[PDB]
Amino acid sequence: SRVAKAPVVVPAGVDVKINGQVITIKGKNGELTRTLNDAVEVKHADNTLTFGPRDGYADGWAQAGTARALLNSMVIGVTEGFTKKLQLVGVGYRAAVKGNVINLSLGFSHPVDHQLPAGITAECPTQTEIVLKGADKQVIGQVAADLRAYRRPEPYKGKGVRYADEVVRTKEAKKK
Amino acid sequence: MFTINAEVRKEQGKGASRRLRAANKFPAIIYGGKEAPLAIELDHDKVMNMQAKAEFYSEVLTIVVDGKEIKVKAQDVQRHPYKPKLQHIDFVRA
Amino acid sequence: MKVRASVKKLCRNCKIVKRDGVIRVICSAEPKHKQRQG
Amino acid sequence: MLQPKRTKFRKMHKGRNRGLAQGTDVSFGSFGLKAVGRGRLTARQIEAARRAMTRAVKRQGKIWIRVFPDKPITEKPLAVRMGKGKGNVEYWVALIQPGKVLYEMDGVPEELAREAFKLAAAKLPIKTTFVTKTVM
Amino acid sequence: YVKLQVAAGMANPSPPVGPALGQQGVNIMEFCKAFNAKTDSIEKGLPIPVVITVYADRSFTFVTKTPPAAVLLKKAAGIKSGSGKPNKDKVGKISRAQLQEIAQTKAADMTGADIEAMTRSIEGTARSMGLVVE
Amino acid sequence: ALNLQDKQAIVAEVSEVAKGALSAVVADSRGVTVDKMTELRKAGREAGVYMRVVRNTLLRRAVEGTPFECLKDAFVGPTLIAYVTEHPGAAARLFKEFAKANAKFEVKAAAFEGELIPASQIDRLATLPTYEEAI
RNA sequence: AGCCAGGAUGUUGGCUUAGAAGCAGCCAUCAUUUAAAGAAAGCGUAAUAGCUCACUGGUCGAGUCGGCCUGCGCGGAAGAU
RNA sequence: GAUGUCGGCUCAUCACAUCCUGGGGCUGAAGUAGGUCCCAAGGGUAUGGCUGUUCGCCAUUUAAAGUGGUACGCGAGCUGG
Ligand SMILES: [Mg+2]
Ligand SMILES: [Mg+2]
Ligand SMILES: [Mg+2]
Ligand SMILES: [Mg+2]
Ligand SMILES: [Mg+2]
Ligand SMILES: [Mg+2]
Ligand SMILES: [Mg+2]
Ligand SMILES: [Mg+2]
Ligand SMILES: [Mg+2]
Ligand SMILES: [Mg+2]
Ligand SMILES: [Zn+2]
């Protein structure tokens with residue numbers, strides 16, 4: 001509602017295509033398409049996008065706020081883009097990129113090979129760092145969660161795959 | 001100055017009084033002086049909020065019964081056995 | 001996870017959330033405060 | 001644990017527990033714990049609740065118990081058939097009707113009385129409400 | 001960077017100052033004699049507070065502060081140790097002339113603007129240790 | 001929580017000190033510890049300067065009563081006032097050294113003669129000496 | 001609500017303890033500079049440090065907070081062909 | 001004008017309040033090994049010494065030796081302590 005009422009400014013170079021509930025947002029950093037909930041009425045006009053409830057839909061304003069939020073990060077995606085940074089903590093824990101595949105050494109018998117999806121690219125500045133880049137905020141978040149899942153940070157030494165901005169609280173082992 | 005709006009009761013008894021309370025209203029009585037006692041009906045929410053102030057039981061209140069103004073004092077109160085509601089009020093003519 | 005009929009906030013970092021018709025207590029500070037009504 | 005010191009008779013008819021309470025106002029203290037429900041309070045329940053409210057106020061202020069368990073309750077033990085006399089008195093109850101002020105308190109702030117009465121209410125078999133003293 | 005309270009003409013023993021400041025990287029014989037050379041003017045039997053400022057090259061510089069408020073109220077009332085239960089047990093007495101004596105000494109460290117502002121700050125230290133104003 | 005009785009009283013106390021003082025200094029003080037502030041409060045009281053942090057809404061109200069009704073456009077961001085009630089100057093010099101030595105903040109604008117002084121031209125009330133200099 | 005910034009001085013309050021410096025306990029809980037900052041709500045240290053809150057200035061710009069009387073629902077809810 | 005009782009043997013069938021194996025949250029979970037709760041009924045789930053015993057105690061196993069319903073399942077199926 002406060003989110004829905006806030007208009008999304010479409011910058012110069014960003015193309016907006018609306019086919020009813022289907023919205024295509026084209027930019028320099030790629031193209032993203034989303035189908036908005038029927039309760040959402042989207043209006044283009046000027047260099048902005050406005051969102052409102054559709055008459056007869058009980059959750060219109062809650063839906064319009066979600067649609068707003070989504071279209072705002074679609075616009076950011078196809079212009080600036082998104083960046084998720086992960087860091088490996090632990091002895092022998094190393095990472096490398098070979099095209100669209102992240103090779104992860106994480107204390108297992110077999111090294112882990114993670115296949116990246118369309119639109120997501122990775123680069124390892126260090127053997128203990130993964131930098132993901134993409135237009136889709138949801139897909140980059142999913143890939144970062146999938147990579148972290150291979151070895152989630154342990155509470156005794158902070159070992160595992162963590163997000164760069166992650167606070168890993170450690171604890172002492174049971175006494176005696 | 002507390003101003004209570006009241007209407008004279010068109011009925012009396014158990015049935016009529018329970019019907020008033022089911023309609024968010026409650027019976028009350030005004031007595032004292034040479035005048036005949038006057039059986040009235042009050043809006044529950046209006047009088048409930050008023051009596052929350054300690055001044056309701058000490059000050060001279062004014063009951064407005066069909067245009068006419070009656071100077072009174074709260075005499076007795078019958079409260080609901082366990083709910084924050086009023087069942088009946090006695091007003092004495094001041 | 002504590003599963004019980006009476007689920008409450010146990011500290012300021014506790015949050016009551018309804019997920020799929022189940023009342024839960026999710027805490028950002030204490031894992032022992034994580035509850036599910038059941 | 002409350003109990004009559006002596007009684008005219010040992011045993012009592014079951015009786016019924018119809019009606020609304022007598023003694024519905026806060027008569028001695030500033031706050032009260034009032035019955036919203038109907039039922040029987042045992043001497044053990046009354047003592048458990050008295051203990052809970054007393055610990056809560058750190059034995060500061062003053063507490064009144066407006067209820068008294070004066071009704072004797074008999075019970076027949078296991079492996080005993082019907083009849084052969086009325087059972088033996090095991091415990092004492094107070095009959096409670098909607099509206100009885102069960103306990104009263106003063107000499108403590110409202111927030112502390114509400115908490116002490118919240119703790120005491122959790123020991124009781126009947127629903128209660130927090131009440132305050134009124135002008136008439 | 002550490003804060004300590006060492007005696008007027010005494011600085012060297014292991015239990016009070018020894019491995020407390022030595023663990024960081026401070027010279028134990030250099031500070032102990034440079035501190036007593038400057039605090040020689042300060043009267044015998046008065047704990048004087050000193051703040052240490054250490055750098056990356058193990059070097060050090062110190063600024064000497066005026067004796068504590070809970071320290072000066074003991075010698076003014078004639079007591080060695082304060083009350084175990086303050087305001088519940090009285091251990092001594094100090095006049096209005098003695099309150100202004102501690103305040104005029106503490107003026108270099110106090111935040112107060114007037115003499116009455118600094119005197120009330122010593123009045124609070126006296127009440128919280130069991131010493132009554134008489 | 002500040003009530004309207006409190007708000008009216010703060011406008012009253014700063015409106016009174018506005019009339020009596022000669023040179024007033026408006027500046028920023030965000031990102032400065034209390035140790036350095038209690039040090040500028042000791043350096044202020046000494047130079048006969050009144051130091052305060054007031055809500056910019058409350059200032060626009062205390063300043064409306066003339067002659068600082070030009071300092072309005074400096075009541076955007078954290079605002080700290082330096083009212084010199086004893087001898088014109090003192091603050092405009094005290095703030096310039098405190099700004100340069102601490103690097104934090106920028107010092108918004110100064111006021112004297114019922115005229116606005118920009119952030120660059122604060123060298124006018126910084127070069128002025130004593131009262132007490134004409135002899 | 002979020003976000004920026006501060007969260008000081010006497011002082012490491014007194015007693016106790018190898019140490020207790022807001023943060024084992026016990027007692028007191030004022031006063032100063034103040035926009036505001038408890039002689040300290042929790043985590044942390046052998047004790048300090050360090051992190052954050054109560055509180056306050058800025059930003060933002062129109063609503064926001066949780067008690068009362070009530071209707072209908074939700075969890076609590078495991079059994080044998 | 002009769003519905004045969006305890007225990008065993010044989011043969012089972014269901015529930016789940018789960019003994020093992022499977023998944024998971026918390027742990028006063030370093031690991032190994034545990035504690036507790038949630039999900040889960042697919043399969044699996046000792047032989048002996050004593051006693052009519054069911055049970056129980058004991059010996060030695062096992063991943064484990066589950067808890068209950070079925071006329072305290074089962075004598076026109078057996079036994080008869
Ligand atoms: Mg009838
Ligand atoms: Mg789910
Ligand atoms: Mg705010
Ligand atoms: Mg027959
Ligand atoms: Mg189950
Ligand atoms: Mg349990
Ligand atoms: Mg099975
Ligand atoms: Mg075993
Ligand atoms: Mg059988
Ligand atoms: Mg046969
Ligand atoms: Zn919590």
# chains A, B, ... in the order shown; residues from 1 in each chain; ligands from 1
>>> residues_near_ligand(ligand="ligand 4", cutoff="12 Å", atoms="only C-alpha atoms (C1' of nucleotides) and all ligand atoms", output="list in words")
residues 1, 2 and 3 of chain H
>>> residues_around(residues="segment 25-41 of chain B", least_positions_apart="5", cutoff="9 Å", atoms="only C-alpha atoms (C1' of nucleotides)", output="list in words")
residues 5, 6, 7, 8, 9, 10, 12, 17, 18, 19, 20, 65, 72, 86, 87, 88, 89, 90, 91, 92, 93 and 94 of chain B
>>> residues_around(residues="residue 31 of chain C", least_positions_apart="3", cutoff="12 Å", atoms="only C-alpha atoms (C1' of nucleotides)", output="PDB file with N, CA and C atoms (P, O5', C5', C4', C3', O3' and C1' of nucleotides), in the first residue's frame")
ATOM      1  N   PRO A 155      28.233 -23.755  14.016  1.00  0.00           N
ATOM      2  CA  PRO A 155      28.291 -22.802  15.141  1.00  0.00           C
ATOM      3  C   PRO A 155      29.529 -22.872  16.025  1.00  0.00           C
ATOM      4  N   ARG A 169      27.434 -16.302  14.386  1.00  0.00           N
ATOM      5  CA  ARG A 169      27.605 -16.404  15.825  1.00  0.00           C
ATOM      6  C   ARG A 169      28.152 -17.776  16.164  1.00  0.00           C
TER       7      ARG A 169
ATOM      8  N   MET C   1      13.357 -26.687  18.239  1.00  0.00           N
ATOM      9  CA  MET C   1      11.923 -26.547  18.055  1.00  0.00           C
ATOM     10  C   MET C   1      11.162 -27.063  19.277  1.00  0.00           C
ATOM     11  N   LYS C   2      10.386 -26.185  19.908  1.00  0.00           N
ATOM     12  CA  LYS C   2       9.508 -26.529  21.011  1.00  0.00           C
ATOM     13  C   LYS C   2       8.068 -26.550  20.459  1.00  0.00           C
ATOM     14  N   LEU C  10       9.318 -14.937  23.916  1.00  0.00           N
ATOM     15  CA  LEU C  10      10.115 -15.125  25.135  1.00  0.00           C
ATOM     16  C   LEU C  10      11.151 -14.023  25.376  1.00  0.00           C
ATOM     17  N   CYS C  11      11.369 -13.190  24.364  1.00  0.00           N
ATOM     18  CA  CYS C  11      12.271 -12.037  24.383  1.00  0.00           C
ATOM     19  C   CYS C  11      11.844 -11.056  23.282  1.00  0.00           C
ATOM     20  N   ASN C  13      13.367 -10.165  20.608  1.00  0.00           N
ATOM     21  CA  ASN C  13      13.742 -10.644  19.269  1.00  0.00           C
ATOM     22  C   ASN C  13      12.832 -11.771  18.756  1.00  0.00           C
ATOM     23  N   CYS C  14      11.838 -12.193  19.579  1.00  0.00           N
ATOM     24  CA  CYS C  14      10.836 -13.194  19.207  1.00  0.00           C
ATOM     25  C   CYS C  14       9.830 -12.491  18.332  1.00  0.00           C
ATOM     26  N   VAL C  25       6.631 -19.196  16.660  1.00  0.00           N
ATOM     27  CA  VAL C  25       7.483 -18.185  17.267  1.00  0.00           C
ATOM     28  C   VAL C  25       8.860 -18.409  16.638  1.00  0.00           C
ATOM     29  N   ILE C  26       9.368 -17.385  15.944  1.00  0.00           N
ATOM     30  CA  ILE C  26      10.666 -17.397  15.259  1.00  0.00           C
ATOM     31  C   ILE C  26      11.498 -16.309  15.960  1.00  0.00           C
ATOM     32  N   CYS C  27      12.710 -16.647  16.384  1.00  0.00           N
ATOM     33  CA  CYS C  27      13.586 -15.728  17.113  1.00  0.00           C
ATOM     34  C   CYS C  27      14.916 -15.519  16.400  1.00  0.00           C
ATOM     35  N   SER C  28      15.309 -14.251  16.255  1.00  0.00           N
ATOM     36  CA  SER C  28      16.557 -13.879  15.591  1.00  0.00           C
ATOM     37  C   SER C  28      17.783 -13.980  16.526  1.00  0.00           C
ATOM     38  N   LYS C  34      12.460 -20.829  19.396  1.00  0.00           N
ATOM     39  CA  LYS C  34      11.734 -21.278  18.212  1.00  0.00           C
ATOM     40  C   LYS C  34      10.625 -22.244  18.660  1.00  0.00           C
ATOM     41  N   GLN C  35       9.373 -21.884  18.343  1.00  0.00           N
ATOM     42  CA  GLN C  35       8.181 -22.631  18.744  1.00  0.00           C
ATOM     43  C   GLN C  35       7.243 -22.926  17.582  1.00  0.00           C
TER      44      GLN C  35
ATOM     45  P     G H  25      17.575 -29.710  10.612  1.00  0.00           P
ATOM     46  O5'   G H  25      16.813 -29.084  11.859  1.00  0.00           O
ATOM     47  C5'   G H  25      16.061 -27.905  11.735  1.00  0.00           C
ATOM     48  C4'   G H  25      15.315 -27.626  13.015  1.00  0.00           C
ATOM     49  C3'   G H  25      16.168 -27.431  14.238  1.00  0.00           C
ATOM     50  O3'   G H  25      16.748 -26.176  14.246  1.00  0.00           O
ATOM     51  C1'   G H  25      14.351 -28.797  14.806  1.00  0.00           C
ATOM     52  P     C H  26      18.129 -25.943  14.967  1.00  0.00           P
ATOM     53  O5'   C H  26      17.753 -26.185  16.489  1.00  0.00           O
ATOM     54  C5'   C H  26      17.115 -25.163  17.256  1.00  0.00           C
ATOM     55  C4'   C H  26      16.903 -25.632  18.679  1.00  0.00           C
ATOM     56  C3'   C H  26      18.167 -25.959  19.429  1.00  0.00           C
ATOM     57  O3'   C H  26      18.803 -24.802  19.886  1.00  0.00           O
ATOM     58  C1'   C H  26      16.675 -27.701  19.761  1.00  0.00           C
ATOM     59  P     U H  27      20.388 -24.744  19.911  1.00  0.00           P
ATOM     60  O5'   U H  27      20.761 -25.861  21.007  1.00  0.00           O
ATOM     61  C5'   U H  27      20.529 -25.611  22.408  1.00  0.00           C
ATOM     62  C4'   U H  27      20.669 -26.875  23.220  1.00  0.00           C
ATOM     63  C3'   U H  27      22.088 -27.406  23.368  1.00  0.00           C
ATOM     64  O3'   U H  27      22.784 -26.751  24.431  1.00  0.00           O
ATOM     65  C1'   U H  27      20.618 -29.191  22.790  1.00  0.00           C
TER      66        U H  27
END
>>> select_by_dssp(residues="chain E", states="alpha helix (DSSP H)", output="MDAnalysis selection string")
chainID E and resid 18:21 28:38 69:77 96:106 115:127
>>> residues_near_ligand(ligand="ligand 3", cutoff="9 Å", atoms="only C-alpha atoms (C1' of nucleotides) and all ligand atoms", output="MDAnalysis selection string")
chainID G and resid 1:2 60
>>> residues_near_ligand(ligand="ligand 5", cutoff="8 Å", atoms="only C-alpha atoms (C1' of nucleotides) and all ligand atoms", output="ChimeraX atom specification")
/G:78 /H:16-18,39-40
>>> select_by_dssp(residues="chain B", states="strand (DSSP E)", output="MDAnalysis selection string")
chainID B and resid 3:8 25:31 38:43 61:65 68:79 86:93
